[PDB]
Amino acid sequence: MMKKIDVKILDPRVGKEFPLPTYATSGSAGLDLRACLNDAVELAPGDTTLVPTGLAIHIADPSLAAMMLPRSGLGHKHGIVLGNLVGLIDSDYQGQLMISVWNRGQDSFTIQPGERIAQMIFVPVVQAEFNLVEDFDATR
């Protein structure tokens, strides 16, 4: 499935100095999100900092959501992940996408302006309606 998603550029560097998120290849699942910062931010081991992206999206379709994930190299090699682990973006959220960057490792890390700091996937989601029962059907 392909989907057009409205995006608002909140910082005029986004799409210029800080490239807009793109899929690296036709078979890529995620887009990389970049740090929209004026200056580098040093992130000490154990600390968390909130990094703006300079953009907002409006998924709009309640059958879709986005999930923000760490980048594999940053996470594995540098211990730079998300403070909320996975960031869930609701279809009706229209605010700036913000990235909770957490240093889970032992080495201080410099977050540079424009650095790819997270990735984002769009996944279908199902809205559950709970049906209260006394007993389930037989299943395991």
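From 1 onward, residues are counted along the sequence shown. Each form is matched to the other, and the largest set of C-alpha atoms that superpose within 1.5 Å is called the rigid core.
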Worksheet entry | Stretch farther from the shown model on average in 6 other deposited structures of this protein, with CA RMS computed after core superposition (120-128, 15-23) | 15-23
Discussion item. I'd like the number of residues from the deposited sequence that lie between residue 139 and residue 140 yet are not in the model, binned as none, 1 to 3, 4 to 9, or 10 or more.
Written reply: 1 to 3
Worksheet item: Between 60-68 and 22-30, which has the higher average C-alpha B-factor in the PDB entry?
Response: 22-30
Worksheet entry | Residue stretch of maximal mean CA temperature factor, 1-9 vs 130-138 | 130-138
Worksheet item: According to the deposited entry, which of 86, 55, 99, 81 has the largest Cα B-factor?
Response: 55
Discussion item. For the chain shown, is the CA B-factor of residue 38 in the lowest, middle or highest third of its modelled residues?
Written reply: highest
Response to the item:
For residue 91, the third of its chain by CA B-factor is the lowest
Worksheet item: Split the chain's modelled residues into thirds by Cα B-factor; is residue 117 in the lowest, middle or highest one?
Response: highest
Fill in: Chain-relative CA temperature factor third for residue 110
highest
